[PDB]
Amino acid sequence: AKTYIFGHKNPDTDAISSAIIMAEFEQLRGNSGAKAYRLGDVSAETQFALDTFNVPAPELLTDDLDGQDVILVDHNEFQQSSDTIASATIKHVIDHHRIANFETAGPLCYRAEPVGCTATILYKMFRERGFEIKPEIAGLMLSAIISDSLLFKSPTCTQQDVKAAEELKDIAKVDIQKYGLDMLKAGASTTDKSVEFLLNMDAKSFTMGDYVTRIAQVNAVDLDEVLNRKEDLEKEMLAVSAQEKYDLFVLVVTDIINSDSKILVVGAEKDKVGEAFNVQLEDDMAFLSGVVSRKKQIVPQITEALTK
């Protein structure tokens, strides 16, 4: 029996790391057929982490999952998952996100916790079972936590994430702030990249009531680096929205040095979500928010605007 372990499409550092980490967990637990996979490209940020701790990228999933045992990490929504996910047998989910568009035939292990990072939950699982946390594995856990939490500044970050990171740094042999900022910087180069690349780099679809929304995330050293390409961005966001039948396309731009975030929003349901945010720039194509609240989570806020 093989078991396929993977994170979401357009994987982020958490998605790649958690797949490798959970494959380790399964193997230490005695499940030798467990194997990590990815559903997309390894980003520059994630490559920095993999290179630092000398871990190879997981294999790109090309197998049909029909009748196969599957473990999902860092996602549950089927449209974020493998093309053949609906034909798989999902044994286990480990995740830190909202639940939607998820259905199984029978019972399964499902573990979600409202923490800042999937690797934090996996850290706790290793702990609970008393399994070895190798230095590389600790490095990937720490990388994931720094990535998802943005060096502990995102509204999703919790003290469990901070505590896990503090306990992992000596195992990984790494200074959190120094390594962390280097890692974040390694995925923050935008000006020489195409609009198509930026909008697909870290981008996921969401099932929100009757609607399907696309959300892309871009890190930069300066918000304006990205945001004065607004016109070209909007154009591509509208084109993709039509081609994929999205009801909404949100671009979240985040300053890694500053921790400030803004959103650029396009699509059929644009005006409805605009009411939920501080609109600073608007037109027929799009709206641009002022710098977003540090404490409120964006995904739930958008969901509530579309459903409520």
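Residue positions are given as counts along the sequence shown, with the first one as 1.
Just going by the entry, 171 to 179 versus 67 to 75 on mean CA temperature factor gives the higher value to 171 to 179. Mean CA B-factor, 151 to 159 versus 113 to 121: the higher value falls on 151 to 159. The maximum CA B-factor among the listed residues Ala239, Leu248, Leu39, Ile256, taken from the PDB record, is found at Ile256. In this PDB entry, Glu24 carries a Cα temperature factor that places it within the middle third of its chain's modelled residues. In the PDB entry, a CA B factor belonging to the lowest third of its chain's modelled residues is recorded for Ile215.
Ranked within its chain, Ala44 lands in the middle third, by CA B factor from the PDB record. Sort the modelled residues of the chain by CA B factor and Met201 lands in the highest third. In the PDB entry, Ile99 places in the lowest third of its chain by CA B-factor.
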